[PDB]
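Presented as structure tokens, the chain that follows is alone, the form deposited in one PDB entry.
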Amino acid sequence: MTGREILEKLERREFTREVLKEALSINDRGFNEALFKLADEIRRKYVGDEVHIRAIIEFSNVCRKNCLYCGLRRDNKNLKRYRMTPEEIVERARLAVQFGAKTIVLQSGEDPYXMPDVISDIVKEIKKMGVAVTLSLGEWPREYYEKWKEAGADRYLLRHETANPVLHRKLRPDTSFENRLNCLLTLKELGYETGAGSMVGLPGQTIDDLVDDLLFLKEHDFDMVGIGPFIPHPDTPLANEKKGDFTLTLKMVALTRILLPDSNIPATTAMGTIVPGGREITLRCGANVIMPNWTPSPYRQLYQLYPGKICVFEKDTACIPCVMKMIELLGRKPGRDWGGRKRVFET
């Protein structure tokens, strides 16, 4: 259909595969700008002008898995590995809460050392501070997820990466889409606010695959959706592949907001890495969350999922203040509470 008719169907919520495919395939500037405006307006209406700050501590870059896209993959010998101590992680979290963070995100490689009991201990200590805790630790047994929920964790981020099971298995050779989905379903059953999401522009990924990602997210009605471009890392098998396209990734964020109007959607660091000011653009095209880096030196520079990451040369405490300034210059407001999903039940 024409751009105008696709927009009209999106506005009427005729979210057919055909409508989504055409939205992603049309490259017209006028169409794209209208799509972004629609997503921005839906964001404003459903989740308001508050931008929720989640302070992320990347506490270990040790990983047992070998994902082909990721700089932390176990086969990468050209990376200094680190582990923050439990005391360092708790005190770093406390500093974030002192700086006004209402959610602490603990993220790592799949590092066996902490699992499950050290994480449980850390979660309990951080929960005493009266903030939300979000974990992003990869795939672990149900029993671990259960222990972490009992310890007080509120949310879990586990991007589905790609909903194409063949592509998923090739890129993530230790595991599968079936396992990734079962993990996400387990997290939901246990009562976590659950986050999924995907990379855009993976080698071999098609527009139809992106449509499938959108339909998968809509199907499962995730609380959070993290989306960013694939960024090749020189010490991985995908070193020589093309980076994901910023505008296409932005369209995926916009469509995610249109499909899941009451969800929490970050403006990811990868978006700010491939285009200067990319996070700010993304916050104006459907996103309502930002995750300032709170990993301390000397470790911040060693958590290299992809190269060139912004935030690496700034001081340990710079990023929360940075995003507060950002929020103000965008004409937005910081989140007032923990920024949990506020469902708007509809038809």
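All residue numbers refer to positions in the sequence shown, first residue = 1. The term rigid core refers to the most C-alpha atoms you can superpose between the two forms while keeping them within 1.5 Å. Shifts are known only where both forms have a C-alpha.
Below: the form deposited in another entry, not depicted.
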note = Just one entry of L302, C322, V62, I26 has its C-alpha move 2 Å or more between this form and the one not shown under rigid core superposition, and it is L302
ask   = Do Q304 and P292 move together or apart in the other form, judged by C-alpha distance changing 3 Å or more?
value = closer
request  = Given a change of 3 Å or more, say if the Cα atoms of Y303 and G228 sit closer or farther in the other form than in this form.
outcome  = farther
Moved runs of 3+ residues, each with a C-alpha displacement of 2 angstroms or more between this form and the one not shown on the rigid core = 301-315, 345-347
